[PDB]
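Next up is one chain by itself, shown in structure tokens, the form deposited in one PDB entry.
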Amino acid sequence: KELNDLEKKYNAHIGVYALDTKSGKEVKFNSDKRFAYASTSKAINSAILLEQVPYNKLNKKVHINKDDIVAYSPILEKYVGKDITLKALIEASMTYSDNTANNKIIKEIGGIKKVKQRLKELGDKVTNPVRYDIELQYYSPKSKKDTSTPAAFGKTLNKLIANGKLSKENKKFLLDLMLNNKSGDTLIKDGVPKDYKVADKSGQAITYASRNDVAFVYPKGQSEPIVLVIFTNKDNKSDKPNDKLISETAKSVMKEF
């Protein structure tokens, strides 16, 4: 199909960047337009921490209190006044999309300031982390805050996870979480061949029907993944998105590989 066609069909904007890490073949559609990344940034935050904490040390604990709790913290709100391991912070952020775990994880890394720096180090001069959850969820087409382009996020995900400095165990750890994440089944996992394995982290901002999905897709037969970044939005602030849009964009894009 055509993505321009999928744009008209859904009356939505599509941004796509896909890189088959075996061949280095890229597919691009509005890959340089900025979209609110929202909760897909949880996968970047998690990987940055995993670069600095060995797998055997993930049992290390951090204290959680009332001032840490932010909205929509399905797991972490039960830890008020208690301690939690870095392993469970990552599992909560990635699987349940827990905002507090993520914020805690950003704090452990050193804060936005330190996240922003590691990005520049990877050569990503586009991804712009500014606010914490959930204020990062309030998207405005007029602001660059908490946005990235599909080409930039995509490349950052490849140098961090697919071909970065993560160990075998931490990398398996991060990826299993993304393979068993039941929250992304209506997205990229919905539009790719059943033969393929999809390890994703979805996202959805509060405004402009901003719905995203970033995944590592493993074609039956290939062990190297295809990094796939699908960002979408609409023209009105209160527009609701339709998940079938990411599903169908994934279907078409996989036809290039």
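Shifts are known only where both forms have a C-alpha. A residue's number is simply how far along the shown sequence it sits, counting from 1. So that the term is clear: the rigid core is the largest set of C-alpha atoms that superpose within 1.5 Å between two forms.
In what follows, reference is made to the form deposited in another entry, a form of this protein that is not presented.
With the rigid core aligned between the shown form and the other one, only one of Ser210, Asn30, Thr40, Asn45 has a CA shift of 2 Å or more: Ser210. Once you line up the core between the shown form and the other one, the Cα of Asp20 stays within less than 2 Å of where it was. After superposing the rigid core, the Cα of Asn11 is displaced by less than 2 Å between the shown form and the other one.
Relative to this form, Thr207 and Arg34 separate from one another in the other entry, with their C-alpha atoms ending up at least 3 Å farther apart. Legend note: Cα of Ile206 to Cα of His13 is at least 3 Å farther in the other entry than in the depicted form.
Superposition on the rigid core leaves 204 to 210, 235 to 241 as the runs of at least three consecutive shared residues whose Cα positions differ by 2 Å or more between the shown form and the other one.
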